[PDB]
Amino acid sequence: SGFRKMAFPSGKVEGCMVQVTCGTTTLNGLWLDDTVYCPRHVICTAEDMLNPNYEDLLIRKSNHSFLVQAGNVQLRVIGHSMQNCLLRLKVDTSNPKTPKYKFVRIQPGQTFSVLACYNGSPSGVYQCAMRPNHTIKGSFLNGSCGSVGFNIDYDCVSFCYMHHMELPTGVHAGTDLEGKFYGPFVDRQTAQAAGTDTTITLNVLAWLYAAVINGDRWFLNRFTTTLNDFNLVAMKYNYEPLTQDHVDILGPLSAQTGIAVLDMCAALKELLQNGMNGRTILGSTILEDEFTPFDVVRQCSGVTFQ
Amino acid sequence: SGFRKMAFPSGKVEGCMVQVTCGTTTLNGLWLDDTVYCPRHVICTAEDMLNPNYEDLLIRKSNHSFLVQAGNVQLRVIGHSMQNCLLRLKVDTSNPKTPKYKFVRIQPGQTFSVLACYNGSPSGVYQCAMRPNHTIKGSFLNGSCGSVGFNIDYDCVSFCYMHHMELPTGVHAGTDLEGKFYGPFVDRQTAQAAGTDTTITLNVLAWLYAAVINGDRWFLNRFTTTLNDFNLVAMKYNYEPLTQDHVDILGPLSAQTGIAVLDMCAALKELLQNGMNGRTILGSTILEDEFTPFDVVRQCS
Amino acid sequence: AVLX
Amino acid sequence: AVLX
């Protein structure tokens, strides 16, 4: 019993983390086969930040200028190119710890695990969700750029995030593994700020299902509601509008429990309007929104990874 | 900036995870060099579990009734012995993935990462604290026994926990890696209950400092308190009594923030007495106590 | 207790 | 924004 937010075991990704250094600038890189991926702003120095001409700064870069280190091992760089906001460094050695993997671009609301890294050294791992406003509420300090977010499915690592920068509210933005930012941000120290954010309704609902599967069900009721009627209350409380697509994604959980999604929405409606009245749900006093429907299945079903 | 319940990277430990089966019972084991460590209760029958005598159960077993598996691959058991509440199984080959490590026994209030495992395979990693009452609020299912808790310093893994069972309030109990239980519990399906628990005061204060380090200054006030007057209050509230030792520990964080410890204590008194007023600290609407001062320092820097 |  |  018990419900924790959990990250994926991080070993498969740990073996891929390296240190990349251009002059005074060091940050993290991801080494898969014979390629190291890293934020392109590694070719900067403390001024080139305001507005770099990446295409042009990269021109004056030599292979020997990139210092790539894996543990106590310097990797000889034999190629380099840019792909959107990432650098792609070719090295003379294929990573022997390279896992089965793929690059995916996750959707807002979806979760992944982040391996926080510094100087090529993994420091910590935690679970987070891509917020509706295309940021993540992470924990990052100087030198953490290049750290990656990922999911694991069976024995396959899906990399979905690489860290680039911290916005003024202390939330974080980055790219997928093709170098394309999530949200409207760009990799320069210009004035940018995250847009207003909303609660991930789909995940709250999922979590509510998890509560029921775990025997926590005092909140259920005998009523239902229309989708539109739910969204009218939901949006007053700054919840993402719920869509029919979301309803279908809750399909398996609704089947397992025999509670129709709209029936659960009425329970959530009542919860928002009346509060909890001192009671708790899966031990919490708030409505958790960083567990996805899939997270719930995987956990309550005891899924493991090879 | 930002602050998360953060666990140590679990790779060094993943490479040590094995599976152990005795007849119909399978749980997790920890494989270091040429020994596998696991809960001795792997040897109990559906019967045995209520009033088992482990010396008696162990003498009836051979090196060969132990089925040890690294993934699909069987590891030959050439020796077995009981150490307090663990079995140690010497196998005939070494684990080349064995990291630098040591076995440590932690004090209640400290935190560690748990690698939840099933049938010798990793499910997930999460961070938690040893409750004052010696239990852990874990996330375990049937077959999770043998999963371990640990901290990492550099390249050195410090193992502090191995999971043994679940108590009636759904919290979890276990031993250090010498096989000694944390708390009063015993490995048998008798009526056992966790004792009273308390809020880890030192950690709540650390987490308040974290928040100041991160621009969450709203709870602060003009007041200071004495250690005694703080304790007279906090204790009305199920908080652990705070000592001068605990004050000293907070020194680093007090300096970094220029906020006196007794001042932060005054702030804590207010929050306990007055509540948060819908407000939140570092995202939370409750006071968090599973971050040690060390956790804050390492994470906030 | 439940041996887990 | 602050590149990190």
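Below, each value reflects all heavy atoms present in this structure, side chains not excepted, and no hydrogens, waters or symmetry copies. Sequence lines set the chain letters: A, B, ... in the order given, protein chains first and strands last, and positions in each chain run from 1.
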(request) Against chain A, label B:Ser121 side chain, backbone, both or neither, depending on which of its atoms sit under 4.5 Å from a heavy atom there. (result) both

(message) Could you check whether A:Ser284 and A:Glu288, counting side-chain N and O atoms only, form a donor-acceptor pair closer than 3.5 Å?
(response) no

(message) Looking only at side-chain N and O atoms, does B:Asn133 offer a donor or acceptor that is under 3.5 Å from a partner on B:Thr135?
(response) yes

(message) Counting heavy-atom pairs under 4.5 Å with chain B, which one of A:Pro9, A:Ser10, A:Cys128, A:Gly170 comes out on top?
(response) A:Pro9

(request) Output all residues satisfying ring pair (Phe, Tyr, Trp, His ring centres under 6.0 Å) with A:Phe112, sequence neighbours left out; order by chain, then residue number. (result) A:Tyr161

(request) Apply salt bridge (charged side-chain N to carboxylate O under 4.0 Å, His left out) to B:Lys100 and list each qualifying residue two or more places apart in sequence or on a separate chain. (result) B:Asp155

(request) May I ask you to list the residues in residues 289-306 of chain A that approach chain B closer than 4.5 angstrom, counting heavy atoms only, ordered by number? (result) A:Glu290, A:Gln299, A:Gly302, A:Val303, A:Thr304, A:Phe305

(message) Do A:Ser1 and B:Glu166 pair up side chain to side chain, a donor and an acceptor below 3.5 Å, judged on atom types alone?
(response) yes

(request) Could you list the residues that satisfy ring pair (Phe, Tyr, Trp, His ring centres under 6.0 Å) with B:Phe219, not counting sequence neighbours? (result) none

(message) Between B:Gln299 and chain A, with a heavy-atom cut-off of 4.5 Å, which part of the residue counts as in contact: side chain, backbone, both or neither?
(response) both

(message) Using a 3.5 Å distance criterion without hydrogens, assess whether the side chain of A:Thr98 forms a donor-acceptor pair with backbone atoms of A:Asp33.
(response) yes

(request) Establish, from distance only, whether the side-chain atoms of A:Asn119 and A:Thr26 form a donor-acceptor pair under 3.5 Å. (result) no

(request) Under 4.5 Å, counting heavy-atom pairs only, tell me which of B:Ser139, B:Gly11, B:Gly2 racks up the most with chain A. (result) B:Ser139

